[PDB]
Structure formats: C-alpha cells, structure tokens
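Visitor: Just data26.csv, nothing more (CSV, C-alpha atoms):
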chain,number,residue,atom,x,y,z
A,1,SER,CA,107.0,211.0,76.1
A,2,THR,CA,108.0,207.6,77.5
A,3,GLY,CA,106.5,204.1,77.9
A,4,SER,CA,107.2,201.3,80.3
A,5,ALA,CA,105.8,197.7,80.1
A,6,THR,CA,106.5,194.5,81.9
A,7,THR,CA,107.6,191.5,79.8
A,8,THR,CA,106.9,188.0,81.1
A,9,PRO,CA,108.4,184.6,80.2
A,10,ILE,CA,106.0,182.4,78.3
A,11,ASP,CA,107.1,179.2,80.2
A,12,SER,CA,109.4,177.9,82.9
A,13,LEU,CA,112.4,177.9,80.5
A,14,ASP,CA,112.2,181.5,79.4
A,15,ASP,CA,111.7,180.3,75.8
A,16,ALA,CA,110.3,183.7,74.9
A,17,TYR,CA,108.9,186.8,76.6
A,18,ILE,CA,105.5,188.4,76.0
A,19,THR,CA,104.6,192.1,76.5
A,20,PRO,CA,101.0,193.4,76.5
A,21,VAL,CA,100.2,195.8,73.6
A,22,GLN,CA,97.0,197.9,73.2
A,23,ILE,CA,95.8,198.0,69.6
A,24,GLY,CA,92.8,199.9,68.3
A,25,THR,CA,89.9,201.8,69.7
A,26,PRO,CA,88.5,200.6,72.1
A,27,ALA,CA,91.8,198.9,73.0
A,28,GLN,CA,92.3,195.3,72.1
A,29,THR,CA,95.2,194.0,74.2
A,30,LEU,CA,97.4,191.3,72.6
A,31,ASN,CA,100.6,189.7,74.1
A,32,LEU,CA,103.4,190.3,71.6
A,33,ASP,CA,106.9,188.9,71.4
A,34,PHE,CA,109.2,192.0,71.2
A,35,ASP,CA,111.8,191.1,68.7
A,36,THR,CA,114.9,193.2,68.2
A,37,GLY,CA,115.9,190.9,65.3
A,38,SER,CA,113.0,191.8,63.0
A,39,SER,CA,110.9,194.8,61.9
A,40,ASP,CA,107.3,193.7,61.4
A,41,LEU,CA,104.5,194.2,64.0
A,42,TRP,CA,102.1,191.4,63.1
A,43,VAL,CA,99.2,189.8,64.9
A,44,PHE,CA,96.9,186.9,64.9
A,45,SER,CA,93.6,188.3,63.7
A,46,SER,CA,90.0,187.8,62.7
A,47,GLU,CA,91.5,187.2,59.2
A,48,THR,CA,93.8,184.3,60.3
A,49,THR,CA,92.9,180.9,58.8
A,50,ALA,CA,90.7,179.4,61.5
A,51,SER,CA,92.5,176.1,61.6
A,52,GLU,CA,95.7,178.0,62.3
A,53,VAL,CA,94.4,179.7,65.5
A,54,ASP,CA,94.7,177.7,68.7
A,55,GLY,CA,94.2,179.7,71.8
A,56,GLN,CA,95.7,183.0,70.7
A,57,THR,CA,94.0,186.4,71.3
A,58,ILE,CA,93.1,187.9,67.9
A,59,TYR,CA,92.9,191.5,66.7
A,60,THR,CA,89.6,192.3,64.9
A,61,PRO,CA,90.1,195.4,62.9
A,62,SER,CA,86.4,195.7,62.1
A,63,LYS,CA,85.8,196.4,65.9
A,64,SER,CA,88.3,199.2,66.0
A,65,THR,CA,87.0,202.7,65.0
A,66,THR,CA,90.6,203.8,64.3
A,67,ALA,CA,91.6,200.9,62.0
A,68,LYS,CA,92.1,201.6,58.3
A,69,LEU,CA,93.0,199.1,55.6
A,70,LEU,CA,96.3,200.0,54.1
A,71,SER,CA,95.1,199.5,50.6
A,72,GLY,CA,97.1,197.0,48.5
A,73,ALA,CA,99.7,196.3,51.2
A,74,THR,CA,100.8,192.8,51.9
A,75,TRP,CA,103.5,191.2,54.0
A,76,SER,CA,105.3,187.9,54.3
A,77,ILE,CA,108.1,187.0,56.7
A,78,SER,CA,110.3,184.0,57.4
A,79,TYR,CA,112.3,183.7,60.6
A,80,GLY,CA,115.7,182.1,61.3
A,81,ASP,CA,114.0,179.2,63.0
A,82,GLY,CA,112.0,178.3,59.8
A,83,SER,CA,108.7,179.7,61.0
A,84,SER,CA,106.7,182.2,58.9
A,85,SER,CA,103.5,184.2,58.5
A,86,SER,CA,101.9,186.5,56.0
A,87,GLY,CA,98.8,188.7,55.4
A,88,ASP,CA,97.5,192.2,54.8
A,89,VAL,CA,97.9,195.5,56.6
A,90,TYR,CA,95.9,198.0,58.7
A,91,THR,CA,97.0,201.2,60.3
A,92,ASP,CA,95.8,201.7,63.8
A,93,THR,CA,96.6,203.2,67.2
A,94,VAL,CA,99.1,201.1,69.1
A,95,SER,CA,100.2,201.7,72.7
A,96,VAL,CA,102.9,200.1,74.8
A,97,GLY,CA,103.2,200.8,78.5
A,98,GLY,CA,101.5,204.2,78.1
A,99,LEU,CA,103.4,205.3,74.9
A,100,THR,CA,101.0,205.8,72.0
A,101,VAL,CA,101.7,205.8,68.2
A,102,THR,CA,98.9,206.7,65.9
A,103,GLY,CA,99.0,205.3,62.3
A,104,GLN,CA,101.1,202.3,63.2
A,105,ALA,CA,101.2,199.6,60.6
A,106,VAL,CA,99.6,196.5,62.1
A,107,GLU,CA,100.2,193.5,59.9
A,108,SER,CA,97.2,191.1,60.1
A,109,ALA,CA,98.0,187.5,59.6
A,110,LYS,CA,96.0,185.5,57.1
A,111,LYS,CA,98.4,182.5,57.4
A,112,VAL,CA,100.9,181.5,60.1
A,113,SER,CA,103.2,178.4,60.3
A,114,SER,CA,102.6,175.5,62.7
A,115,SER,CA,105.1,176.7,65.3
A,116,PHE,CA,103.0,179.9,65.8
A,117,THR,CA,99.7,178.0,65.9
A,118,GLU,CA,101.2,175.6,68.5
A,119,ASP,CA,102.2,178.4,70.8
A,120,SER,CA,99.0,179.7,72.4
A,121,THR,CA,100.9,182.3,74.5
A,122,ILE,CA,102.2,184.5,71.7
A,123,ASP,CA,99.6,186.6,69.8
A,124,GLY,CA,102.1,188.1,67.4
A,125,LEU,CA,105.5,189.9,67.1
A,126,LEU,CA,106.5,193.5,67.6
A,127,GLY,CA,109.7,194.1,65.6
A,128,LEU,CA,112.4,196.4,67.0
A,129,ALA,CA,115.2,196.0,64.5
A,130,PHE,CA,115.7,198.7,61.8
A,131,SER,CA,112.8,199.6,59.5
A,132,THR,CA,114.8,198.6,56.4
A,133,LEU,CA,113.9,195.0,57.2
A,134,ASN,CA,110.2,195.6,57.3
A,135,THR,CA,108.5,193.3,54.8
A,136,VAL,CA,105.4,195.3,53.8
A,137,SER,CA,105.0,195.6,50.0
A,138,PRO,CA,104.8,197.8,47.9
A,139,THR,CA,105.3,200.5,50.6
A,140,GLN,CA,107.7,199.5,53.4
A,141,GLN,CA,106.5,200.5,56.9
A,142,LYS,CA,108.1,201.8,60.0
A,143,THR,CA,108.5,200.0,63.3
A,144,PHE,CA,106.8,201.1,66.5
A,145,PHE,CA,110.1,202.5,67.8
A,146,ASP,CA,110.8,204.3,64.6
A,147,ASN,CA,107.4,205.9,64.6
A,148,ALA,CA,107.7,206.9,68.3
A,149,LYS,CA,111.3,208.1,68.3
A,150,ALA,CA,110.9,211.8,67.6
A,151,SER,CA,108.3,212.1,70.4
A,152,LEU,CA,110.4,210.2,73.0
A,153,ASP,CA,112.3,212.1,75.7
A,154,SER,CA,115.4,210.3,74.4
A,155,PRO,CA,115.5,208.2,71.2
A,156,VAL,CA,116.2,204.9,73.0
A,157,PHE,CA,114.6,201.8,74.3
A,158,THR,CA,115.9,199.4,76.9
A,159,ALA,CA,115.5,195.6,77.4
A,160,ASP,CA,115.7,194.2,81.0
A,161,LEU,CA,114.8,190.6,80.6
A,162,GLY,CA,114.4,188.4,83.7
A,163,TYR,CA,115.8,185.0,84.5
A,164,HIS,CA,112.7,182.8,85.3
A,165,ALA,CA,111.0,186.1,86.2
A,166,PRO,CA,109.3,189.2,84.6
A,167,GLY,CA,111.4,192.1,83.3
A,168,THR,CA,110.8,195.4,81.6
A,169,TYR,CA,110.9,197.2,78.2
A,170,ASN,CA,111.2,201.0,78.6
A,171,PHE,CA,110.9,203.5,75.8
A,172,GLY,CA,112.4,207.0,75.9
A,173,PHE,CA,114.4,206.9,79.1
A,174,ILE,CA,117.1,205.0,80.9
A,175,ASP,CA,116.1,203.8,84.4
A,176,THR,CA,119.3,204.4,86.4
A,177,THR,CA,118.0,202.2,89.2
A,178,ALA,CA,117.7,199.1,87.0
A,179,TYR,CA,121.4,198.3,86.7
A,180,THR,CA,124.6,198.2,88.7
A,181,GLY,CA,127.9,200.0,87.8
A,182,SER,CA,128.0,201.8,84.5
A,183,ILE,CA,126.6,201.2,81.0
A,184,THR,CA,129.3,200.5,78.4
A,185,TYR,CA,128.4,201.6,75.0
A,186,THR,CA,129.6,199.9,71.8
A,187,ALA,CA,129.3,200.6,68.1
A,188,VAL,CA,126.5,199.3,65.9
A,189,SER,CA,126.4,198.5,62.2
A,190,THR,CA,123.0,198.8,60.7
A,191,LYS,CA,124.2,197.5,57.3
A,192,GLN,CA,122.2,194.3,57.6
A,193,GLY,CA,119.2,195.9,59.4
A,194,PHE,CA,120.1,194.5,62.8
A,195,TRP,CA,121.5,195.8,66.1
A,196,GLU,CA,124.8,194.3,65.0
A,197,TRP,CA,127.9,194.8,67.2
A,198,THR,CA,131.3,193.3,68.0
A,199,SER,CA,132.0,191.6,71.4
A,200,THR,CA,135.6,191.8,72.5
A,201,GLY,CA,135.9,188.2,73.7
A,202,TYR,CA,134.8,185.6,76.2
A,203,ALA,CA,135.6,183.5,79.2
A,204,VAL,CA,134.4,180.1,80.4
A,205,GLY,CA,133.7,179.8,84.1
A,206,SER,CA,136.6,181.1,86.1
A,207,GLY,CA,138.9,180.8,83.1
A,208,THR,CA,141.1,183.4,81.5
A,209,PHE,CA,139.5,185.9,79.2
A,210,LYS,CA,140.1,185.3,75.5
A,211,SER,CA,140.3,188.6,73.6
A,212,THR,CA,138.8,188.0,70.2
A,213,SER,CA,136.3,189.9,68.0
A,214,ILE,CA,132.8,188.3,67.8
A,215,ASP,CA,130.4,190.1,65.4
A,216,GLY,CA,126.8,189.3,66.2
A,217,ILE,CA,123.3,190.7,66.8
A,218,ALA,CA,121.4,191.7,69.9
A,219,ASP,CA,118.2,189.7,69.4
A,220,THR,CA,115.5,189.6,72.0
A,221,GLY,CA,113.4,187.3,69.7
A,222,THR,CA,116.0,184.5,69.8
A,223,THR,CA,116.0,182.2,72.9
A,224,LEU,CA,119.6,181.0,72.9
A,225,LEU,CA,123.2,182.3,72.5
A,226,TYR,CA,124.6,181.3,69.2
A,227,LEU,CA,128.4,181.7,68.8
A,228,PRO,CA,131.2,180.4,66.7
A,229,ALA,CA,131.9,176.7,66.9
A,230,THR,CA,135.3,177.2,68.5
A,231,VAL,CA,133.8,179.2,71.3
A,232,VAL,CA,131.0,176.8,71.9
A,233,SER,CA,133.3,173.8,71.9
A,234,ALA,CA,135.5,175.5,74.5
A,235,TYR,CA,132.4,176.1,76.7
A,236,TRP,CA,131.0,172.6,76.6
A,237,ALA,CA,134.4,171.0,77.0
A,238,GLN,CA,134.2,172.2,80.7
A,239,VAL,CA,131.0,170.1,81.3
A,240,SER,CA,131.6,166.4,81.8
A,241,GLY,CA,129.6,164.3,79.5
A,242,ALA,CA,128.4,167.2,77.2
A,243,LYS,CA,128.4,166.5,73.5
A,244,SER,CA,127.0,167.8,70.2
A,245,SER,CA,124.1,165.6,69.2
A,246,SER,CA,123.2,165.7,65.5
A,247,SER,CA,119.9,163.9,66.3
A,248,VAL,CA,118.8,166.3,68.9
A,249,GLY,CA,120.1,169.4,67.0
A,250,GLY,CA,122.9,170.8,69.2
A,251,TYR,CA,124.8,170.4,72.4
A,252,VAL,CA,123.3,168.4,75.2
A,253,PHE,CA,124.6,167.7,78.7
A,254,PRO,CA,123.8,165.4,81.6
A,255,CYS,CA,121.0,167.0,83.6
A,256,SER,CA,123.1,166.1,86.8
A,257,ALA,CA,125.8,168.6,85.7
A,258,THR,CA,126.6,172.0,87.3
A,259,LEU,CA,127.1,174.4,84.4
A,260,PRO,CA,129.9,177.0,84.4
A,261,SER,CA,129.2,180.6,83.8
A,262,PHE,CA,130.0,182.3,80.4
A,263,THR,CA,131.4,185.8,80.2
A,264,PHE,CA,131.2,188.0,77.1
A,265,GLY,CA,133.1,191.3,76.5
A,266,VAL,CA,131.6,194.7,75.8
A,267,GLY,CA,134.5,196.9,75.2
A,268,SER,CA,136.6,196.6,78.3
A,269,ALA,CA,133.6,195.6,80.3
A,270,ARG,CA,132.4,192.1,81.0
A,271,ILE,CA,128.9,190.6,81.3
A,272,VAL,CA,128.6,187.3,83.2
A,273,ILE,CA,125.9,184.8,82.3
A,274,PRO,CA,125.4,182.5,85.3
A,275,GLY,CA,125.6,178.7,84.5
A,276,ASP,CA,121.9,178.2,85.4
A,277,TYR,CA,120.9,180.5,82.6
A,278,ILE,CA,122.4,178.0,80.1
A,279,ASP,CA,120.2,175.1,81.2
A,280,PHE,CA,117.2,174.5,78.9
A,281,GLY,CA,116.1,171.3,80.6
A,282,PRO,CA,115.3,167.8,79.5
A,283,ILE,CA,115.4,167.3,75.7
A,284,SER,CA,112.0,165.4,76.2
A,285,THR,CA,109.9,164.9,79.3
A,286,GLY,CA,111.6,162.6,81.8
A,287,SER,CA,115.0,162.6,79.9
A,288,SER,CA,118.2,163.0,81.9
A,289,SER,CA,119.8,164.6,78.8
A,290,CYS,CA,119.4,168.4,79.0
A,291,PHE,CA,119.6,170.9,76.2
A,292,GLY,CA,122.3,173.6,76.2
A,293,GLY,CA,121.7,177.3,76.0
A,294,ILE,CA,124.9,178.1,74.2
A,295,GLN,CA,124.9,176.6,70.6
A,296,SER,CA,126.9,176.9,67.5
A,297,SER,CA,126.1,179.6,64.9
A,298,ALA,CA,127.8,177.6,62.2
A,299,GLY,CA,125.4,177.5,59.2
A,300,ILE,CA,123.2,180.3,60.6
A,301,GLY,CA,125.6,182.8,59.0
A,302,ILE,CA,125.5,185.2,62.0
A,303,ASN,CA,126.3,185.1,65.7
A,304,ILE,CA,123.2,185.8,67.8
A,305,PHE,CA,123.2,187.3,71.3
A,306,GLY,CA,119.8,186.0,72.2
A,307,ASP,CA,117.9,186.0,75.4
A,308,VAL,CA,120.4,183.8,77.3
A,309,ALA,CA,123.0,186.6,76.9
A,310,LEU,CA,120.7,189.6,77.0
A,311,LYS,CA,118.9,188.6,80.2
A,312,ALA,CA,122.2,188.8,82.1
A,313,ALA,CA,122.4,192.5,81.3
A,314,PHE,CA,120.5,195.8,81.2
A,315,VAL,CA,120.6,196.6,77.5
A,316,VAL,CA,120.2,200.0,75.8
A,317,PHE,CA,119.1,200.2,72.2
A,318,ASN,CA,120.2,203.7,71.3
A,319,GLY,CA,118.4,204.9,68.2
A,320,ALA,CA,120.3,208.3,67.9
A,321,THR,CA,121.4,209.4,64.4
A,322,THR,CA,124.3,207.1,64.9
A,323,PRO,CA,122.9,204.1,66.8
A,324,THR,CA,124.8,202.3,69.5
A,325,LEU,CA,124.2,199.6,72.1
A,326,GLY,CA,124.8,199.8,75.8
A,327,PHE,CA,125.3,196.9,78.3
A,328,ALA,CA,125.3,197.1,82.1
A,329,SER,CA,125.4,194.4,84.7
A,330,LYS,CA,122.4,194.2,87.0
Go ahead and render the structure in this file as structure tokens.
Guide:
Amino acid sequence: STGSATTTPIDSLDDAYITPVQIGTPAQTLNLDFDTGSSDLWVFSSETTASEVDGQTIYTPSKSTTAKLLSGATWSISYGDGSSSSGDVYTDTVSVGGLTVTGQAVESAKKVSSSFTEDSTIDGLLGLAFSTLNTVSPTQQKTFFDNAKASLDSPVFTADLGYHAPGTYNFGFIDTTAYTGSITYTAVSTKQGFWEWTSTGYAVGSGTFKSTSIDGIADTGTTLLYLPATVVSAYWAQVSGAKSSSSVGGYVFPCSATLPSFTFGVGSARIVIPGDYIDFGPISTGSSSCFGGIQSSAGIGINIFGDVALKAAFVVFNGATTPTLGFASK
C-alpha cells in the first residue's frame, strides 16, 4: 500500500504545516501537524477542557463506531518549545492520504497548554519519530508509520515541504518526479528516538564550504534551523545590522536586508537554503526588526534541522531495519 497527502502552511510565514487525517467511522477529518521529532498522535477532542478549545476541530470518539477506549492508558507530553498536552487513549481507524491503519492509538487531549489553544489551525499532532519516544503509559504505543510499515510497498515516508506553498507527505514510495538530481542517503542514530544524523558542514552565501560534523535531528515539527553558536554567528555576521537580542529571544536583522543563502552538507552533497527562507518577518506588527530563521541551539542540547532546512529538500525517512535519511535538491 501507499498514501499521499498534501501538507499546507498554517500561515504566511510557514510557522507549521497541517495535513488532513481521517479518524474513525464515519471519518472525522482533523488537520494534524506531522512531527518527525515526536511519537504521539494526539488530538483535540470532546474530552478537552472546554476553555482550552478555541476554534479547533475536535475528535468525538463516541461518534465513531470503531473507537475503543484503551483501558487504563494515559499520556502526557512536553515539547521543546515548552508546550504540553495530556489525556487518555482510544484505538481507532486512521487514514492519511488513502493509507489506512486499523487499531491506531489516538491520544485524546483532556488538557492542552496555551500555545495549542491559541493556534486555531492545528487540531493535534501526528508523531513520526521512533515509537520508543511514545508517552502512553503503562503500555507504550506505536506511531502511525510504525503500524503501517509492514503493509507499505517500501518502508519509507517522504517529506516535501513547500516554501510559502503546499507540499506533500508520501508513505510507502519515493516519487522520482519530486526532486532533481539524486538522493544522497546518510546514516541515522535512533539512540535518542529521533531521526538523528550528521551533516558534513556548511557554507554561508557564496562563501567557502566548511567541513565539520554537525549532529542533529530532522524535525518537521520545529519551524526553524537550530545550529551551534559558532555556525549561527558566522551566518548573521554576513547580514549588516543583525544581532542576537536577549529580549526578543534570538537573532534579529533589519527588515531592509537581503539575506544570504545557507548551505548544509549531506555526505558529499549540498542542500542550499535560499536567503528568503530565513526571513520570519517583523518581530511584532509594524516593526522594522525581523526575526531570523537560523538560531543557536545552545542550551537546547541538540541541533535541529527544522522546516527552514527541510523545506529546501526532498527528504526520505527510510524505516528499513537499519534506518537512514535521504536528501535531494528540488
């Protein structure tokens, strides 16, 4: 089997992407944030504290003839941005782009943090990291991909995120029309539960490539590119007037600037992030100070190849017995 679904930016900055997901019988379609940095499929629901729902579409398990309470199971998650959610668990039928999993754990939120409430466009998350990170207790549950894998034509999914435009998540096949040149594959460590890999270096603009190993994670659920402070300083030094602002929370730059590109290495291959991908617009409405899309990972404890990086590539998440990651230009 295969599946193919379009993923759409939630706003004009590509702050996140939402993908429609069918849950239950009859189908209830929710727009979920596909997150390769976590491993829980959780949704706003009829169980979510009423004051914490503000415009989201909810899953109502009592209206699904295939929903079953997973007795005694609870979940609770905290994300790297300080947001969180928790609740109980149903199993139900879940379909993405024509690919169906029966008996998928659907984690129903009883509580969500303010950042989730305040984002009316995201109805929940669909985790695509390794199932070892799943938070369901006392019996850990599998991701949608892990459940689908054996049935797929090939045990892979691909992320093709657009810049200020829709893109695609495919399951079970590689669309050879969706990228240019070849796909370069690179090793993955699953030791921390992530799609963790090592970039071979970087360049800023038309500058020379610096060969240096940068361990980090391919994370579709993180907006920006978080890299070591040395790398980030080298980038922003090429933008007149750019500075790190403790009060804003990262590098800012004059909105009048033209940003240089940023290149990262995948083995001997190179992925080029155009400068415009690094612009996250005014820090507040009407400001001439703009927020940068490349930020320091210092004090995160891990480097994160988030959407800023991934949307410059066609990315293969290869879930073979020994997982790997592939990157192609597009």
Visitor: Could you tell me, as number ranges by chain, which residues have any atom at most 12 Å from (113.5, 191.3, 86.5), counting all atoms listed in the file?
Guide: A: 5-9, 17, 159-169, 178-179, 311-314, 330
Visitor: In terms of the shortest atom-to-atom distance over all atoms listed in the file, which of A:176, A:34, A:139, A:3 is closest to residue 98 of chain A?
Guide: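 Smallest distance to residue 98 of chain A is found for A:3.
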Visitor: Can you build me a table of segment 110-167 of chain A residues sitting at most 6 Å from segment 73-87 of chain A, with the closest atom pair per residue and its distance in Å to one decimal, using all atoms listed in the file, sorted by chain and residue number, as CSV?
Guide:
residue,atom,partner,partner_atom,distance
A:110,CA,A:87,CA,4.6
A:111,CA,A:85,CA,5.5
A:112,CA,A:85,CA,4.1
A:113,CA,A:84,CA,5.4
A:135,CA,A:75,CA,5.5
A:136,CA,A:75,CA,4.5
A:137,CA,A:74,CA,5.4
Visitor: One number please: atom CA of residue 183 of chain A to atom CA of residue 217 of chain A, in Å, one decimal.
Guide: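 According to the coordinates, atom CA of residue 183 of chain A and atom CA of residue 217 of chain A are separated by 18.0 Å.
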Visitor: Looking at A:138, A:254, A:172, A:241, which one is nearest to residue 153 of chain A, with distances taken over only C-alpha atoms?
Guide: A:172
Visitor: Excluding segment 57-71 of chain A and any residue of its chain fewer than 6 positions from it, enumerate the residues within 8 Å of it, using only C-alpha atoms, and give them as a PyMOL selection string.
Guide: chain A and resi 23-28+30-31+43-47+88-93+108+123
Visitor: Using only C-alpha atoms, can you tell me which of A:242, A:309, A:129, A:266 comes closest to residue 288 of chain A?
Guide: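 For residue 288 of chain A, the nearest of the candidates is A:242.
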Visitor: Which residue is closest to residue 198 of chain A? Choose from A:246, A:324, A:151, A:158 and count all atoms listed in the file.
Guide: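 Going through A:246, A:324, A:151, A:158 one by one, the smallest distance to residue 198 of chain A is for A:324.
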Visitor: Go through A:51, A:22, A:245, A:318 and flag the residue nearest residue 170 of chain A, using all atoms listed in the file for the distances.
Guide: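 Among the listed residues, A:318 lies closest to residue 170 of chain A.
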Visitor: Record the distance separating atom CA of residue 55 of chain A and atom CA of residue 120 of chain A, expressed in Å with one decimal.
Guide: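 Separation of atom CA of residue 55 of chain A and atom CA of residue 120 of chain A: 4.8 Å.
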Visitor: Could you jot down the atom CA of residue 284 of chain A to atom CA of residue 247 of chain A separation for me, Å, one decimal place?
Guide: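 Atom CA of residue 284 of chain A sits 12.8 Å away from atom CA of residue 247 of chain A.
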Visitor: From the set A:175, A:52, A:219, A:14, which residue has the shortest atom-to-atom contact distance to residue 39 of chain A, counting all atoms listed in the file?
Guide: A:219
Visitor: Compile the contact shell of residue 263 of chain A as a count of residues only: residues with an atom at most 6 Å away, counting all atoms listed in the file, same-chain residues fewer than 6 positions apart removed.
Guide: 5
Visitor: Pick out the residues sitting within 8 Å of residue 126 of chain A, and hand them over as a compact mmCIF listing (two decimals) with C-alpha atoms, keeping the file's coordinate frame; count all atoms listed in the file, and ignore anything fewer than 4 positions along from it in its own chain.
Guide:
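In the end it all went to result-v7.txt:
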# COMPACT_ATOMS: atom_id res chain seq x y z
CA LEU A 32 103.40 190.30 71.60
CA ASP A 33 106.90 188.90 71.40
CA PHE A 34 109.20 192.00 71.20
CA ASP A 35 111.80 191.10 68.70
CA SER A 39 110.90 194.80 61.90
CA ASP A 40 107.30 193.70 61.40
CA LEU A 41 104.50 194.20 64.00
CA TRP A 42 102.10 191.40 63.10
CA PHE A 144 106.80 201.10 66.50
Visitor: Excluding residue 233 of chain A and its own-chain neighbours fewer than 3 positions away, which residues fall within 10 Å of it when counting all atoms listed in the file? Please give them as a VMD selection string.
Guide: chain A and resid 227 to 230 236 to 238 242 to 244 251 294 to 296
Visitor: Could those selected residues go to a file with C-alpha atoms, as a PDB file, in the frame of the given file?
Guide:
ATOM      1  CA  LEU A 227     128.400 181.700  68.800  1.00  0.00           C
ATOM      2  CA  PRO A 228     131.200 180.400  66.700  1.00  0.00           C
ATOM      3  CA  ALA A 229     131.900 176.700  66.900  1.00  0.00           C
ATOM      4  CA  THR A 230     135.300 177.200  68.500  1.00  0.00           C
ATOM      5  CA  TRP A 236     131.000 172.600  76.600  1.00  0.00           C
ATOM      6  CA  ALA A 237     134.400 171.000  77.000  1.00  0.00           C
ATOM      7  CA  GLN A 238     134.200 172.200  80.700  1.00  0.00           C
ATOM      8  CA  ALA A 242     128.400 167.200  77.200  1.00  0.00           C
ATOM      9  CA  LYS A 243     128.400 166.500  73.500  1.00  0.00           C
ATOM     10  CA  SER A 244     127.000 167.800  70.200  1.00  0.00           C
ATOM     11  CA  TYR A 251     124.800 170.400  72.400  1.00  0.00           C
ATOM     12  CA  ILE A 294     124.900 178.100  74.200  1.00  0.00           C
ATOM     13  CA  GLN A 295     124.900 176.600  70.600  1.00  0.00           C
ATOM     14  CA  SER A 296     126.900 176.900  67.500  1.00  0.00           C
TER      15      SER A 296
END
